[PDB]
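Structure 1 and structure 2 below are the same protein chain in two forms, each given by itself as structure tokens.
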Structure 1
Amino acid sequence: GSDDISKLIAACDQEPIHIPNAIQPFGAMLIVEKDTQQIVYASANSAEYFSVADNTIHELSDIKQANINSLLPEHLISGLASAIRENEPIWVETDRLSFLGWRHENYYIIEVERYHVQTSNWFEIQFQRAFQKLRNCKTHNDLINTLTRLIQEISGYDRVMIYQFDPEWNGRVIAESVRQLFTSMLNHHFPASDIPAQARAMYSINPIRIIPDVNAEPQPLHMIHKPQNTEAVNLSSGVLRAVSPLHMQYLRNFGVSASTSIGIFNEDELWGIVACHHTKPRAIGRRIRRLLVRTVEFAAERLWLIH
């Protein structure tokens, strides 16, 4: 509704996007308290994923009476127990599920996605091709164009752009790589207000941001066993963190059903964003995400060498 959209825009610059208390439904999330060893939150769709690891779970309510050792891999639990630095995700795979868990304050946060084993030399070949091509770039402009062409080759997204920020955080589209029959966004300007400060902040917590489907219903976090601290839990280090309905609408209005964005960092400063938009919904596996982030990180070093 128009008035609800207006009210969202009223408080949008201050919206707490790190604590949506909901997730995107392409995975499930558990939140466990470190000291009480108890599940304190579960995403609404937790049943349809964790039934694969423990066949005794049928509804969301069964999780309260479920045992963590039945839901998570033994390796993931022991890795969370001995990991001492905060917000460093541990990635553990089984035959059917793909877990990503980290330690944040007094909690363990576990995301899980479905996973399909893919055995091929394709990633090693793509990695070598990407690096040699980026090493050959000797001019600033040639590098960003090669990077945008490579990101498109790897992910298959319909349009891939690079935003560069100016000192005052306004964005300009400095290079583009798009399929035919698309409006050219090259040299488009957008104001700093379009990306709130806290939205830029997330790229320093997790350098990739993933929206596989702008029209999937966000799943909220249900309380399971009562926590000692009831403040909402920061979800920013993982990938399932739900998207602001505002931005989902913005993406719809542009004809975009799926997006993936990657931060470009010069030292610790955020210099720009690599953004990928797709007209149809689109899922990218964890390995493809890694390949994109590694390619962008390699490109950044060469870029600073060139300037």
Structure 2
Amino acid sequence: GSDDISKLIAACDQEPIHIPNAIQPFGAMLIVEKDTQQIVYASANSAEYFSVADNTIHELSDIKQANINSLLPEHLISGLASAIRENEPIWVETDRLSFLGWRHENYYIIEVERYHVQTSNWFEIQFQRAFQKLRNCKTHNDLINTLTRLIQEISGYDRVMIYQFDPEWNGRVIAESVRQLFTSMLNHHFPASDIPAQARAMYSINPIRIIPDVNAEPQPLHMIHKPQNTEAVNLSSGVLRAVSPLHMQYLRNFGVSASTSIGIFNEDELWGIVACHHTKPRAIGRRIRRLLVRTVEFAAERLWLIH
């Protein structure tokens, strides 16, 4: 039936991806009522992240006891309080932990990750080399190929592609960089339903989406202290937001174990994405994420100017 097939296609765009009440297990998440300053939701894995800074905490139970001010660094709490704008993430890096938090209505949402030892000035020197290569490009075809190659080198993903939307949100792959033999994806077309409108809109909130392992077990948000409002909390601005299992299976069918995509914007208009696949699971720290986003933004700026 024709209208039935259309119902099914329309269901794609209606899965509530913004409120899964779970996360990917490469970080831990705390949800805290702003006025109560009380921990109301915590990921089922919070223990193994806050046990790195605080040794009193070894179980999810201990988080009901825990105070925010022992768990979170002070600059994080001060920035989150002194922040008026909703959904704009603050980042605070201790000696052991990398925090990203933001305010959404009466909720503070805090994501915490681990990180590797860093090399000073590496972020900036890498961006400098990308800035110079993208700026020396004089046609869009050199620009986009250069972009895929740089994203490939910075991230180390097995495959980096530029996926360009047409006026109806259908898209095609227009450039490719690979770390191994692959059958070409060049000029392969995909329908608009493969990235439903809700996912397309998510790049306007967080321009990078990151999936380190398609088979990693999502961790649900447990209730800690009974929140005033039991509505689902919107997790859109972070990176830990659990992945729609449909898209996980889509990645498996692709032969992919890790994914990362970055929106390509012209002003507020989503023009396309950088799509990144890995055959084995892969994680990339916050600094590689920010470098990728910043590289894509400079490439976009160049893309709208050159012929």
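Each form is matched to the other, and the largest set of C-alpha atoms that superpose within 1.5 Å is called the rigid core. All residue numbers here refer to structure 1's sequence, counted from 1.
Core-superposed comparison between structures 1 and 2: the CA of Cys12 exceeds or equals a 2 Å shift.
For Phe123, the Cα coordinates differ by 2 angstroms or more between structures 1 and 2 after the core has been superposed. In this core superposition, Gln180 moves its Cα by 3.3 Å between structures 1 and 2.
Comparison between structures 1 and 2 places the CA of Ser51 1.1 angstrom away from its other position, after core fitting.
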